[PDB]
Amino acid sequence: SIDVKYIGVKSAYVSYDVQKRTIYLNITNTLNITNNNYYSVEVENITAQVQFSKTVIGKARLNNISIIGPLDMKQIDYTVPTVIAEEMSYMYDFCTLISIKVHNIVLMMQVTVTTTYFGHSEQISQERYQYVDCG
Amino acid sequence: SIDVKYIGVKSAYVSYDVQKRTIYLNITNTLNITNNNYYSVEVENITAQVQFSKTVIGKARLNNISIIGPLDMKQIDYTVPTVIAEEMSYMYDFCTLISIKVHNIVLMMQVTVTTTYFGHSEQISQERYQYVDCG
Amino acid sequence: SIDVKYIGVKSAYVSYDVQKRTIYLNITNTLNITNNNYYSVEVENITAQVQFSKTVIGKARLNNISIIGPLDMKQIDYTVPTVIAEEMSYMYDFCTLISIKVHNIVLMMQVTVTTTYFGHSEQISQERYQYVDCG
């Protein structure tokens, strides 16, 4: 919710970036920085009454007050059928980041069959870092 | 919730980056930094009443107040059928990060079949770091 | 929740990075840093009443108040059928990070069949670090 960032290279408060055939000569840098951060975040005052039946008095008849179902759920159920007579594959790979017929799956399930939940529920997913470097 | 970052290279408060045929000569750097962080975060005062029946008085009949189900759930259930007569693969790989017919799976399940939950629930997933480096 | 970071290379508060044919000569670096962090995080005050029946008075009849079921769950149930008459693989691999027909599975389950839960529940998954380095 606050300060969520994807940054391709670099993050700073003060940054000096001096490069590529440069003269940086006789310089006076003076910084008087005040940068206080005050966070009052997700401060919750919750008064909750949760009843299916609160009061029954006398010969009353109650049936099937809350029904959740039937429930039939399927997720990440794909199919990749391959029927081939003859394959030739020639692969020449030099200095390459390569993935071939790979299956990458992330499933995060947090509050899934609950009657009641009070408070804070959080999911964070930060995906893979992959690289190839050649001289 | 606060300060969630993906950063491709580097993170600083003060950064000096001086490089690649640079002269950095006779410099005065003076920094008076005040940077206090005050966090009052996910601060909860919760008063909760949770009843299926709070009060029953006299000859009352209560049946099936809360039904969850039947529940049928299936996850990460995919199919990869291969029928082949003949395969040739020639692979020549030099300085490669290479993945072939791999299955990578993460399942995180936190509060999954519950009547009641109070407080904080957190899932964090930070995926793989992989590289190839050649001179 | 606070300060969740994927950083590809380096993390610092003050960073000097001086490199690649650089002259760094006669410099006055003066730093007066105040950087106090105050955390009041996940401070919970919870008053909770959780009853299926709180009060029953007299000849009342209660049946099937809360039912969770039947429940059928299956996860990471994929299939990889292979039928081949003839295979040739030739693989030449030099300085390669290579994975072939591998199955990588991470399953984290925390609070999965509970009546009631009070407090903090945390799952953190930090995946594999792999590399190949060649001269």
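For this coordinate set, the PDB header names cryo-EM as the determination method and states a resolution of 2.76 Å.

Asks: Where do I start with the overall build of chain A in this structure?
Replies: A count of helices and strands for chain A gives zero helices and 13 strands. Across its three principal axes, chain A shows a C-alpha extent of roughly 95 × 70 × 10 Å. Looking at chain A as a whole, 26% of its 135 residues are labelled buried. Counting only contacts in chain A whose residues sit at least 6 apart along the sequence, the fraction spanning at least 24 positions is 43%. Looking at chain A as shown, the accessible area adds up to about 9,000 Å², and 50% of this sits on carbon and sulfur atoms. Here chain A contributes 10 positively and 12 negatively charged side chains, and the mean placements of these two sets differ by 10 Å.

Asks: What exactly am I supposed to notice about the state of the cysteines here?
Replies: Linking two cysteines covalently via their sulfur atoms produces the bond known as a disulfide. Residue and element names in this part refer to chain A. By the definition in use, this model includes three disulfides over all chains. Put simply, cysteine 95 and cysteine 134 are joined by a disulfide, and their sulfur atoms are 2.0 Å apart. An S-S torsion of about -95° defines the bridge between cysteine 95 and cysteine 134 as left-handed. Of this pair, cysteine 95 sits in the loop between β10 (82–94) and β11 (97–100) while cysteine 134 sits in strand β13 (residues 129–134); the two residues are 39 residues apart in sequence, bridging distant segments of the chain. Look at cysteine 95 and you get partly exposed, because its relative accessible area is 23%.

Asks: Honestly, the interface of chain C and chain B in this entry has me stumped. Any pointers?
Replies: Size of an interface, as often reported, equals the accessible area lost when the parts are brought together. Every contact between the two is made by 135 residues of chain C and, on the other side, 135 residues of chain B. Carbon and sulfur atoms supply 48% of the area that chain C and chain B bury against each other, a total of about 12,400 Å² over both sides. Looking at the side of chain C facing chain B, the largest losses of area belong to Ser1(C), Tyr6(C) and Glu127(C), adding up to 7% of the total buried there. Counting every contact that joins chain C to chain B gives three salt bridges. Between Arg128(B) and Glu127(C) there is a salt bridge whose closest N-O contact spans 3.9 Å. Between chain C and chain B we count 163 residue pairs in polar contact in total. Ranked by residues supplied to the side of chain C that touches chain B, first place goes to strand β12 (residues 103–126) of chain C with 24 residues. Looking at side-chain class alone, the side of chain C that touches chain B contains 65 nonpolar, 48 polar and 22 charged residues. In terms of strand pairing, strand β4 (residues 23–34) of chain B meets strand β4 (residues 23–34) of chain C through 11 bridges, oriented parallel. By the bridge assignment, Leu25(B) is partnered in β4(C) with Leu25(C).

Asks: What's the story with the sheet that holds strand β5 (residues 37–41) of chain A in this structure? I'm lost.
Replies: Sheets are built from strands paired through backbone hydrogen bonds, the pairs being either parallel or antiparallel. If you trace the three strands from one edge of the open sheet to the other, you get β5(A)-β5(B)-β5(C), paired in parallel fashion. Only two strands of the sheet have a single partner each, and these edge strands are β5 of chain A together with β5 (37–41) of chain C. Ignoring strand direction, the axes of neighbouring strands in this sheet form an average angle of 0°. Across five bridges, the pairing between strand β5 (residues 37–41) of chain B and β5(C) is parallel.

Asks: Honestly, the side chain of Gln75(B) in this entry has me stumped. Any pointers?
Replies: Relative to the elements of secondary structure, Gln75(B) occurs in strand β9 (residues 71–75). With residues up to four places along the chain from it excluded, the contact list for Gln75(B) reads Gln75(A), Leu107(A), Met109(A), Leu107(B), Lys74(C), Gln75(C), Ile76(C) and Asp77(C).

Asks: Would you mind going over the interface of chain B and chain A with me for this structure?
Replies: Listed as interface residues are 135 residues of chain B and, on the opposing side, 135 residues of chain A. Around 12,400 Å² of area is buried between chain B and chain A when both sides are counted, 48% of it from carbon and sulfur atoms. It is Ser1(B), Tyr6(B) and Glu127(B) that lose the most area in chain B upon contact with chain A, and together they represent 7% of the buried surface on that side. Among the ionic pairs, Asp3(A) bridges to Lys5(B), the shortest N-O distance being 2.8 Å. For the pair chain B and chain A, the interface holds 163 residue pairs in polar contact.

Asks: I keep staring at the packing of aromatic side chains and nothing clicks. Help me out?
Replies: The relative placement of two aromatic rings is captured by the distance of their centres and the angle of their planes. Throughout the structure, instances matching the rule amount to 36 aromatic pairs over all chains. Consider the rings of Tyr78(A) and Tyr78(B), whose centres lie 4.8 Å apart with planes at 5°: the pair is stacked. Pair noted here: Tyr78(A) is in the loop between β9 (71–75) and β10 and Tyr78(B) is in the loop between β9 and β10 (82–94), and the two residues belong to different chains. A relative accessible area of 30% places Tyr78(A) in the partly exposed class. Residue class for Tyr78(B) comes out buried when judged on its relative accessible area of 0%.

Asks: Looking at this structure, how should I read the environment of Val41(B)?
Replies: Within the secondary structure layout, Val41(B) lies in strand β5. For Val41(B), a relative accessible area of 0% corresponds to the buried category. In this structure, the C-alpha to C-alpha distance between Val41(B) and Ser1(B), residues 40 residues apart in sequence, is 9.4 Å. Contacts of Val41(B), omitting those with residues within four sequence positions, involve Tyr39(A), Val41(A), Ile2(B), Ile2(C), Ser40(C), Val41(C) and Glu42(C).

Asks: What is the right way to read the sheet that holds strand β6 (residues 44–57) of chain A from this model?
Replies: Strand order in the open sheet formed by three strands is β6(A)-β6(B)-β6(C), and the pairing between neighbours is parallel. The sheet is open, and its two borders are formed by β6 of chain A together with β6 (44–57) of chain C, each paired with just one other strand. Pairs of neighbouring strands in the sheet enclose a mean axial angle of 0°, with direction left out of account. Pairing geometry for strand β6 (residues 44–57) of chain B and β6(C), over 12 bridges, is parallel. Among the inter-strand pairings, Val50(B) is bridged to a residue of β6(C), identified as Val50(C).

Rules and cut-offs
Residues numbered from 1 in each chain as written, not as in the entry; some residues may be left out. Chains lettered and ligands numbered in written order. Heavy atoms only, no water. Helix = DSSP H or I, 4+ residues; strand = E, 2+ residues; numbered from the N terminus. Buried < 20%, exposed > 50% of the residue type's maximum accessible area, 1.4 Å probe, protein only. Contact = heavy atoms within 4.5 Å. Areas by Shrake-Rupley, 256 points an atom, 1.4 Å probe, with all protein chains shown as cover. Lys, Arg positive; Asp, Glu negative; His and termini not counted. Charge placed at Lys NZ, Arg CZ, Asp CG, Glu CD. Disulfide = S-S within 2.5 Å. Buried area = accessible area lost by both parts, 1.4 Å probe. Salt bridge = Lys/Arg side-chain N within 4 Å of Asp/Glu carboxyl O. Polar contact = N/O pair within 3.5 Å; in protein donor to acceptor, adjacent residues only side chain to side chain. Nonpolar A, V, L, I, M, F, W, Y, C, P; charged D, E, K, R; others polar. Pairing = 2+ DSSP bridges. Axes fitted to C-alpha atoms, helices over the stretch in contact; angles between N-to-C directions. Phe/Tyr/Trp six-rings, centres within 6.5 Å; stacked < 30°, edge-to-face > 60°.

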